[PDB]
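Structure, as structure tokens:
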Amino acid sequence: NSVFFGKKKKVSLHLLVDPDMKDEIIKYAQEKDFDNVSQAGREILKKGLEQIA
Amino acid sequence: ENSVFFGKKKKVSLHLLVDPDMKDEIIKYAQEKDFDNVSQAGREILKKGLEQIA
DNA sequence: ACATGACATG
DNA sequence: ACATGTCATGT
């Protein structure tokens with residue numbers, strides 16, 4: 001991850017979520033990701049994905 | 001308005017950049033489970049992820 | 001590049 | 001009210 005030559009750019013993920021859900025993600029971002037919400041969203045999505053398989 | 005009084009919550013925008021590989025995975029899940037509705041797949045996935053945390 | 005939203009079509 | 005995308009502005 002992070003910066004390096006040829007690294008593929010990220011793609012826009014845009015969706016509507018419940019207020020409570022977005023708030024949990026924001027709190028999580030402030031405590032673990034330096035308030036970077038999109039970073040927090042990826043970590044949580046990754047955690048959600050391994051629960052699928 | 002009405003639905004509001006009974007607890008129906010208006011959804012809010014979550015906009016973030018994701019690695020192309022992860023999006024392909026959210027999309028494959030949307031295909032298998034939500035009739036390709038990526039937003040709905042993202043909610044279900046995010047919820048499972050949040051359930052870990054707390 | 002990336003992070004956030006405001007615009008902008010179906 | 002949703003779903004998805006592209007612009008635009010400040011990092």
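Laboratory data are not the source of any read-out in this text; all were calculated from the coordinates shown. Here the Cβ positions follow ideal geometry from the backbone for every residue, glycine too, while neighbour counts run over all protein chains shown.
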How far is the Cα center of chain A from the Cα center of region B:14-46, in Å?
12
Taking the C-alpha atoms of the protein assembly as shown, convex hull volume expressed per residue in Å³:
120
Taking the Cβ of residue A:16 as the centre, find all other residues whose Cβ is under 15 Å away and add up their charges (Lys, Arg: +1; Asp, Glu: -1).
+2
Vicinal HN-Hα couplings computed from phi for region B:14-30 (Karplus, 6.51 cos²θ - 1.76 cosθ + 1.60; Hz; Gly/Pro x):
10, 10, 8, 8, 10, 5, x, 5, 6, 5, 4, 6, 6, 5, 4, 5, 5
Using θ = phi - 60° and the Karplus form 6.51 cos²θ - 1.76 cosθ + 1.60, what ³J(HN,Hα) does each residue of region B:40-54 get, whole Hz, x for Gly and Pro?
5, 5, x, 5, 4, 5, 4, 5, 5, x, 5, 5, 4, 1, 3
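With the cut-off at 20 Å, tell me which of the pairs A:22/A:47; A:9/B:47; A:8/B:11; A:27/B:8 have Cα atoms farther apart than that.
Check vs 20 Å cut-off fails for A:9/B:47; A:8/B:11; A:27/B:8.
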Quick check: pseudo-label points 7 Å beyond the Cα along Cα→Cβ at residue A:12 and residue A:51, how many nm apart are they?
2.9
Which of A:48, B:13, A:5 sits farthest toward the positive end of the charge dipole of the protein assembly as shown, with +1 on the Cβ of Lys and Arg and -1 on the Cβ of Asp and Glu?
A:5
Taking the Cα centre of the protein assembly as shown as the origin, how large is its charge dipole in debye, to the nearest 20, when only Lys and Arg (+1) and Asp and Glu (-1) carry charge on their Cβ atoms?
220
Dipole magnitude of chain B about its Cα centre, charges +1 at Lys/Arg Cβ and -1 at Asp/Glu Cβ only, in debye to the nearest 20?
400
Counting other C-beta atoms within 10 Å, which of B:14, A:49 has the fewest, and how do the rest follow?
A:49, B:14
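Run the helix sum for the protein assembly as shown: -39,500 (n - 2.57) per DSSP H stretch of 4+ residues, divided by residue count, reported at 222 nm to the nearest 500 deg cm²/dmol.
Result for the protein assembly as shown, helices only: -18000 deg cm²/dmol.
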At q = 0.24 Å⁻¹, the log10 of I(q)/I(0) for chain B from a Debye sum over equal Cα scatterers comes to -1.00
